[PDB]
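Undergrad: Give me coordinates for this.
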Amino acid sequence: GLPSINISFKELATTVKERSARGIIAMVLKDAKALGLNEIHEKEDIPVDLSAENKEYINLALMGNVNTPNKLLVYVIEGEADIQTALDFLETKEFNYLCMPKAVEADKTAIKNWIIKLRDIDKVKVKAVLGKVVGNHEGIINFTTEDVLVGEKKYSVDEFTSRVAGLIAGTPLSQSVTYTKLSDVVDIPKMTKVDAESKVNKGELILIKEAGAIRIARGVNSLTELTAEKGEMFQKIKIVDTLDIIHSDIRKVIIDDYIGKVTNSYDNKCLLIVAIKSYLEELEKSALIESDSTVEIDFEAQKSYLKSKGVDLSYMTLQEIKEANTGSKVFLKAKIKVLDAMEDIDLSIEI
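TA: Residues are numbered from 1 along each chain as shown. Shown next is the protein structure:
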């Protein structure tokens, strides 16, 4: 059939568990030394030229949760530099969560728009942990807890996003961060429970004092506008992470191995679909998703494409529409159910 595509899906299925348990974090830092990109897998890879402040943010991220973050991409830019430059740079780098400990309001707006663009236009499923940003979008995690006391130092809400990003990256796909305890935090500002429940339902990720310890109140992103196809499940950090790794894996094989290398006929689209479903069957075995995932030609997306090309669909059967030539375009629809979730999720894949 399509040997090169089956090989690629077989490799990714073999590592999806590992890659899910230990994510990658992009961190933009303001500093005068060690400019550019710094890959950091451990504390020893940290350039000694960075300020002790920046070194603390890096270490906060390495704590993780169940596991530590697989890798940190630390992009250093000079003060006064345009944030849009670090973002432009990261568009060709592989990461899961972006944070910026020293972001100002102007920076946050740029990242928010940037993240939304990558996810909904470029189809690059990345996320950001920002401080006090009403993102109303699954791609933005809105951490809002101020004056986080670790050891004998009070980190600001923006600073602590380094710890929050690492904690999420070090959490397996099968686990929530809801009520995860942060033993390194010894105090936080007093907060009425009414203010806490209100903030959560407004899309804020917060720390709370609960039964002597400090823990994450609920692992939610900033999404508050819900639809029939994008409902409560899309507010959940762990669910979005599951959808993102699956979408990324499928889109990567299609882009790397199919587009332009395989004739994009209906018969080859069917072979591709079968290959994608075989990958999903592997994820089903690995306990990421429930059984009975489906993948099909995205009928409404392909219909819209044909209409944009002036194709008249009035003589055409449903099968003829599915089989129609779409040049180098691929329109697929995947129906998956993440483990223990209450509803199926439709995943649109378009190249």
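
Undergrad: does the nearest residue to residue 179 once chain neighbours are set aside sit in a helix, a strand or a coil?
TA: Counting by C-beta to C-beta, 6 or more residues apart in numbering, residue 179 lies nearest to residue 215, which is 5.1 Å off, once chain neighbours are set aside. Quick note: C-beta positions are derived from backbone N, CA and C, even for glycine. State at residue 215, reduced to three classes by DSSP: H, G, I helix; E, B strand; the rest coil: strand.

Undergrad: what's around residue 215, how many residues?
TA: By the criterion of other C-beta atoms under 10 Å, residue 215 has 18 neighbours.

Undergrad: Repeat that for the one 10 residues further on.
TA: Here the number of neighbours of residue 225 (other C-beta under 10 Å) works out to 8.

Undergrad: for the one 4 residues further on, same thing?
TA: Using other C-beta under 10 Å, residue 229 is surrounded by 10 other residues.

Undergrad: Now that residue 43 has come up, it's in contact with residue 62, right?
TA: Yes - between residue 43 and residue 62 there is a contact under C-beta atoms under 8 Å: 6.2 Å.

Undergrad: if we can go back for a sec, so what's the residue nearest to residue 179 up against?
TA: Shown in contact with residue 215 (C-beta atoms under 8 Å, 6 or more residues apart in numbering): 179, 180, 181, 182, 207, 208.

Undergrad: May I see those organised as TSV, with neighbour count added?
TA: Converted to TSV, these look like this (neighbours: other C-beta atoms under 10 Å):
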residue	neighbour count
179	14
180	16
181	15
182	21
207	24
208	19
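
Undergrad: now, which of those residues sits nearest residue 325?
TA: For these, the minimum distance to residue 325 (C-beta to C-beta) is 50.2 Å, reached by residue 180.

Undergrad: now the closest one: how far from residue 65?
TA: Residue 180 sits 6 Å away from residue 65 when distances are taken as C-beta to C-beta, to the nearest Å.

Undergrad: mind listing what the residue located most distally from the centre of the chain touches?
TA: The centre of the chain is farthest from one residue, residue 315, which by C-alpha atoms, centre = their mean lies 42.1 Å away. Listed by C-beta under 8 Å, 6+ apart, the contact set of residue 315 is empty.

Undergrad: Ok, residue 343 next?
TA: Residue 343 makes contact with 231, 233, 337 under the criterion C-beta under 8 Å, 6+ apart.

Undergrad: and the closest residue to the first one other than its chain neighbours, what element?
TA: Spatial nearest neighbour of residue 231, chain neighbours left out: residue 343 (6.9 Å); criterion: C-beta to C-beta, 6+ apart. When elements are defined using DSSP states H and E, residue 343 is found to belong to no helix and no strand.

Undergrad: Understood, closing this out.
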